[PDB]
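**Student:** First the structure, then my questions, so here it is.
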4 protein chains.
Amino acid sequence: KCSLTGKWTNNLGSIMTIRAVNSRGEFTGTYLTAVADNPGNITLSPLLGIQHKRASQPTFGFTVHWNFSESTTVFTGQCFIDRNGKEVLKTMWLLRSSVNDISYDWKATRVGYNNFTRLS
Amino acid sequence: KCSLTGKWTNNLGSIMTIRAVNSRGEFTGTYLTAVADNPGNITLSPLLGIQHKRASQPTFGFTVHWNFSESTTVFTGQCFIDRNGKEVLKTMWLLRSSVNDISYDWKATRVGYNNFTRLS
Amino acid sequence: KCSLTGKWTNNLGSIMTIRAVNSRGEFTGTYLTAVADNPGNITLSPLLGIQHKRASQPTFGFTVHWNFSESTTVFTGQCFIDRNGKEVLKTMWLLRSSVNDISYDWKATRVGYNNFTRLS
Amino acid sequence: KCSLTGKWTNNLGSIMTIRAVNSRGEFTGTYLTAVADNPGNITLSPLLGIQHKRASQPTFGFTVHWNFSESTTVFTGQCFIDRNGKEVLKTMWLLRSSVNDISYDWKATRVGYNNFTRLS
Ligand SMILES: O=C(O)CCCC[C@@H]1SC[C@@H]2NC(=O)N[C@@H]21
Ligand SMILES: O=C(O)CCCC[C@@H]1SC[C@@H]2NC(=O)N[C@@H]21
Ligand SMILES: O=C(O)CCCC[C@@H]1SC[C@@H]2NC(=O)N[C@@H]21
Ligand SMILES: O=C(O)CCCC[C@@H]1SC[C@@H]2NC(=O)N[C@@H]21
């Protein structure tokens, strides 16, 4: 069974650390992004999410509340286990920026991908 | 100040309730989707997320762990307040399906929008 | 049968004209966005796309080459007709910005929706 | 200057062939996807798009009209040139399925990425 607990890195070099997954599938953790709109401001930021519990290759989602900007990212994906037991998270994300008013909403959401593997 | 705690409906007819937002911006709630891949299976599903606390029109994200499928959705957006104090959540979402192995990952993520308004 | 040829407006106030659709489903047209990163620079921009021909409610895609920035948008969606013969294009888009090198690629793609109705 | 003319493969193994880019940046080509909802049906399919012309690392978009389904995909991205002259297309895509009526629109759009490099 793939659990999100542990430390992961992604293809951009970001690191996240996920704590214990509870019996509902909820987890917390931290996220250190390698990149940002203003990378001189980056600080470690909290995440909160839910994975499925029964599945060996669960889907999941989490939210990162950036501690250094007004933005928020959500990630969703699936944990896959290889025939050799190696785990990969395949994800996609939406990065929501804060805009001044509803007339600017159209420009507020970026999209992308990230592949994660275990640090150790 | 635009608040997330309370009862919301979206443009598809789905409803959600969001409980008290704590000092870290974290919240839980319950989501009733009006639509699904298999709508005869729909059950109430928990959500867990984080909003920004200081901002009057905060960005936020949350995860919905569907209790009736192997899928997961994440929503991100911003809470706007107009001149008369009417709130709207402008959101975008990613809906992740479970696929059998990594070679099917390409097809696993749907995207869309939802505009939420306060029930009553 | 839902036709794309003609003049459309979307929920942001943008307008487009689409010319005759050929036997292969290919079409050209002109797009006037109501919004931009630098709205003082907006000029009319060409579009080029393909729809399905046989379907009464065809899917389609088109590219807009912005004539006033280095960005490009793609739209995809479906043309629906209701009981009274009213057409709507339900679309989603990706807006690609130019970045300096591949290390900035992660931030280069915005996503959103647009609903179009026929002008007159 | 990166021109999209030539043959490319992506990370899923798909192949596309792009013909001459005209002075407006328009191009046609063909796309042989490695994967599909029903891979037993895959046939070579046409594409039509636009790239920017002046830029050495242009943004672009194109539409693929699948010749074996009612779906359409759009891709947008940028062509990057390395310090060694090697070219990569970084893209993201929206895959629009045909649904029966507007009430199913919410489930009709998949999203993903693709990285392309030159065949030869
Ligand atoms: O720029 C900000 O204000 C917040 C940081 C955003 C970093 C994004 S989240 C999606 C992508 N994946 C990462 O690991 N980092 C970037
Ligand atoms: O179909 C499933 O297995 C889970 C339900 C998915 C419902 C989606 S989430 C995005 C969109 N917004 C809604 O309120 N419902 C749909
Ligand atoms: O800002 C630019 O440089 C180009 C204009 C982008 C306008 C976008 S495309 C998606 C959305 N829908 C519209 O009608 N306009 C915006
Ligand atoms: O399944 C279909 O009806 C049409 C084929 C879709 C193939 C998609 S397009 C996005 C992704 N990238 C590829 O090279 N192939 C898949």
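Order determines the names: the first chain of the structure tokens is A, the second B, and so forth; residues in each chain are numbered 1 upward, and ligands are numbered 1 upward as they are shown.
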Provide as a ChimeraX atom specification the residues of chain D at most 9 Å from chain B, counting only C-alpha atoms.

**Tutor:** /D:12,35-37,94,103-104,106-113

**Student:** Tell me, as JSON, numbers by chain, which residues lie within 7 Å of range 41-49 of chain D, counting only C-alpha atoms; anything in the same chain fewer than 6 positions away does not count.

**Tutor:** {"C": [48, 49, 63], "D": [26, 27, 28, 29, 30, 31, 32, 61, 62, 63, 64, 65, 66, 67, 68]}

**Student:** Would you put the residues from that selection into a file with N, CA and C atoms, as an mmCIF file, in the first residue's frame?

**Tutor:**
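The resulting part-v1.cif:
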```cif
data_model
loop_
_atom_site.group_PDB
_atom_site.id
_atom_site.type_symbol
_atom_site.label_atom_id
_atom_site.label_comp_id
_atom_site.auth_asym_id
_atom_site.auth_seq_id
_atom_site.Cartn_x
_atom_site.Cartn_y
_atom_site.Cartn_z
ATOM 1 N N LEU C 48 -7.470 30.199 -35.772
ATOM 2 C CA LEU C 48 -7.444 29.118 -36.751
ATOM 3 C C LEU C 48 -7.788 27.833 -36.002
ATOM 4 N N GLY C 49 -8.744 27.067 -36.501
ATOM 5 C CA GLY C 49 -9.157 25.870 -35.791
ATOM 6 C C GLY C 49 -9.814 24.836 -36.654
ATOM 7 N N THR C 63 -6.824 28.018 -32.102
ATOM 8 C CA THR C 63 -5.691 28.764 -31.586
ATOM 9 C C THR C 63 -5.885 30.238 -31.913
ATOM 10 N N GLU D 26 1.213 30.152 -39.386
ATOM 11 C CA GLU D 26 0.301 29.028 -39.476
ATOM 12 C C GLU D 26 1.004 27.780 -39.993
ATOM 13 N N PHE D 27 0.577 26.628 -39.491
ATOM 14 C CA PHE D 27 1.113 25.342 -39.919
ATOM 15 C C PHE D 27 0.056 24.264 -39.847
ATOM 16 N N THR D 28 0.239 23.270 -40.699
ATOM 17 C CA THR D 28 -0.530 22.052 -40.648
ATOM 18 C C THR D 28 0.394 20.878 -40.412
ATOM 19 N N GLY D 29 -0.196 19.729 -40.154
ATOM 20 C CA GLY D 29 0.577 18.545 -39.920
ATOM 21 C C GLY D 29 -0.307 17.364 -39.610
ATOM 22 N N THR D 30 0.334 16.314 -39.123
ATOM 23 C CA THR D 30 -0.359 15.099 -38.703
ATOM 24 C C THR D 30 0.147 14.672 -37.333
ATOM 25 N N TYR D 31 -0.702 13.921 -36.649
ATOM 26 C CA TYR D 31 -0.446 13.488 -35.289
ATOM 27 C C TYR D 31 -0.826 12.014 -35.190
ATOM 28 N N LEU D 32 0.118 11.178 -34.756
ATOM 29 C CA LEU D 32 -0.123 9.758 -34.510
ATOM 30 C C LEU D 32 0.019 9.546 -33.000
ATOM 31 N N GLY D 61 0.183 27.268 -30.581
ATOM 32 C CA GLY D 61 -0.938 26.409 -30.263
ATOM 33 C C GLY D 61 -1.313 25.611 -31.493
ATOM 34 N N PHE D 62 -1.946 24.451 -31.293
ATOM 35 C CA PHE D 62 -2.533 23.719 -32.389
ATOM 36 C C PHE D 62 -3.699 22.881 -31.903
ATOM 37 N N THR D 63 -4.560 22.542 -32.854
ATOM 38 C CA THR D 63 -5.714 21.683 -32.667
ATOM 39 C C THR D 63 -5.497 20.397 -33.428
ATOM 40 N N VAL D 64 -5.779 19.268 -32.780
ATOM 41 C CA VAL D 64 -5.823 17.964 -33.428
ATOM 42 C C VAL D 64 -7.273 17.521 -33.524
ATOM 43 N N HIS D 65 -7.740 17.332 -34.759
ATOM 44 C CA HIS D 65 -9.046 16.748 -35.027
ATOM 45 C C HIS D 65 -8.856 15.235 -35.144
ATOM 46 N N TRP D 66 -9.218 14.489 -34.108
ATOM 47 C CA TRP D 66 -9.025 13.048 -34.137
ATOM 48 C C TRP D 66 -9.939 12.450 -35.213
ATOM 49 N N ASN D 67 -9.366 11.632 -36.093
ATOM 50 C CA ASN D 67 -10.122 11.069 -37.202
ATOM 51 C C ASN D 67 -10.858 9.791 -36.845
ATOM 52 N N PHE D 68 -10.752 9.362 -35.599
ATOM 53 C CA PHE D 68 -11.306 8.089 -35.141
ATOM 54 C C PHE D 68 -12.187 8.230 -33.908
#
```

**Student:** Write out as a PyMOL selection string the residues lying within 8 Å of residue 4 in chain D, counting only C-alpha atoms and excluding same-chain residues fewer than 6 positions away.

**Tutor:** chain D and resi 18-19+21+51+79

**Student:** Check the DSSP output for the backbone and give back, as a PyMOL selection string, the residues of range 15-116 of chain A in strand (DSSP E).

**Tutor:** chain A and resi 15-18+26-32+45-51+59-65+72-81+87-96+109-116

**Student:** At a cut-off of 9 Å, using only C-alpha atoms, what residues contact residue 101 in chain C? Leave out same-chain residues fewer than 3 positions from it and give the result as a ChimeraX atom specification.

**Tutor:** /C:98,104-105 /D:57,80-82

**Student:** Can you list, as number ranges by chain, every protein, DNA or RNA residue that comes within 12 Å of residue 85 in chain C when you count only C-alpha atoms, leaving out same-chain residues fewer than 6 positions away?

**Tutor:** C: 1-3, 56-57, 79, 117-118

**Student:** Now that the selection is made, can you save its residues with C-alpha atoms as a PDB file, in the first residue's frame?

**Tutor:**
```pdb
ATOM      1  CA  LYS C   1     -27.117  21.246 -36.045  1.00  0.00           C
ATOM      2  CA  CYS C   2     -24.925  23.660 -34.055  1.00  0.00           C
ATOM      3  CA  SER C   3     -22.864  25.913 -36.339  1.00  0.00           C
ATOM      4  CA  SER C  56     -24.877  17.937 -34.653  1.00  0.00           C
ATOM      5  CA  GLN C  57     -23.179  19.214 -31.463  1.00  0.00           C
ATOM      6  CA  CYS C  79     -21.359  23.597 -29.518  1.00  0.00           C
ATOM      7  CA  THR C 117     -23.410  32.913 -27.210  1.00  0.00           C
ATOM      8  CA  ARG C 118     -24.338  34.172 -30.676  1.00  0.00           C
TER       9      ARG C 118
END
```

**Student:** Between D:7, D:50, D:88, D:116, which is the closest to ligand 4 once you count only C-alpha atoms and all ligand atoms?

**Tutor:**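 Closest to ligand 4, using only C-alpha atoms and all ligand atoms: D:116.
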
**Student:** Work out how far apart CA of residue 6 in chain B and CA of residue 69 in chain B are and give it in Å to one decimal.

**Tutor:** 25.7 Å

**Student:** Mind pulling up the distance from atom 1 (O, counted along the ligand's line) of ligand 2 to CA of residue 74 in chain B?

**Tutor:**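 Atom 1 (O, counted along the ligand's line) of ligand 2 lies at a distance of 12.8 Å from CA of residue 74 in chain B.
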
**Student:** Choose the residue, out of D:17, D:23, D:59, D:71, that has the smallest atom-to-atom separation from ligand 3; count only C-alpha atoms and all ligand atoms.

**Tutor:**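 Among D:17, D:23, D:59, D:71, it is D:59 that comes nearest to ligand 3.
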
**Student:** As an MDAnalysis selection string, which residues of chain C does DSSP assign to helix (DSSP H, G or I)?

**Tutor:** chainID C and resid 39:41 102:107

**Student:** Could you take the residues named above and write them with N, CA, C and O atoms, as an mmCIF file, in the first residue's frame?

**Tutor:**
```cif
data_model
loop_
_atom_site.group_PDB
_atom_site.id
_atom_site.type_symbol
_atom_site.label_atom_id
_atom_site.label_comp_id
_atom_site.auth_asym_id
_atom_site.auth_seq_id
_atom_site.Cartn_x
_atom_site.Cartn_y
_atom_site.Cartn_z
ATOM 1 N N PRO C 39 -4.091 45.608 -21.245
ATOM 2 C CA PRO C 39 -5.274 45.856 -22.084
ATOM 3 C C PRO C 39 -5.167 47.073 -23.005
ATOM 4 O O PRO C 39 -5.808 47.093 -24.056
ATOM 5 N N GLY C 40 -4.349 48.057 -22.646
ATOM 6 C CA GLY C 40 -4.102 49.178 -23.538
ATOM 7 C C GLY C 40 -3.468 48.773 -24.861
ATOM 8 O O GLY C 40 -3.526 49.549 -25.818
ATOM 9 N N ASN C 41 -2.875 47.576 -24.920
ATOM 10 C CA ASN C 41 -2.239 47.071 -26.126
ATOM 11 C C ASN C 41 -3.141 46.225 -27.018
ATOM 12 O O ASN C 41 -2.711 45.836 -28.092
ATOM 13 N N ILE C 102 13.670 27.255 -20.194
ATOM 14 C CA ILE C 102 12.887 26.117 -19.792
ATOM 15 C C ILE C 102 12.717 26.033 -18.270
ATOM 16 O O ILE C 102 11.765 25.426 -17.779
ATOM 17 N N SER C 103 13.635 26.633 -17.514
ATOM 18 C CA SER C 103 13.540 26.620 -16.052
ATOM 19 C C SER C 103 12.359 27.434 -15.514
ATOM 20 O O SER C 103 12.044 27.313 -14.340
ATOM 21 N N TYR C 104 11.755 28.275 -16.357
ATOM 22 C CA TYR C 104 10.576 29.049 -15.996
ATOM 23 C C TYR C 104 9.290 28.436 -16.545
ATOM 24 O O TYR C 104 8.210 29.003 -16.360
ATOM 25 N N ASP C 105 9.386 27.294 -17.217
ATOM 26 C CA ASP C 105 8.227 26.750 -17.906
ATOM 27 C C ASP C 105 7.048 26.499 -16.972
ATOM 28 O O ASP C 105 5.897 26.657 -17.376
ATOM 29 N N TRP C 106 7.337 26.121 -15.729
ATOM 30 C CA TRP C 106 6.295 25.767 -14.774
ATOM 31 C C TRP C 106 5.226 26.844 -14.603
ATOM 32 O O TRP C 106 4.093 26.516 -14.275
ATOM 33 N N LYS C 107 5.598 28.114 -14.776
ATOM 34 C CA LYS C 107 4.702 29.247 -14.513
ATOM 35 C C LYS C 107 3.992 29.790 -15.752
ATOM 36 O O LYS C 107 3.276 30.787 -15.649
#
```

**Student:** I'd like the neighbourhood of residue 13 in chain B as a PyMOL selection string, where a residue qualifies if any of its atoms comes within 7 Å (using only C-alpha atoms), though same-chain residues fewer than 3 positions away should be ignored.

**Tutor:** chain B and resi 9-10+34
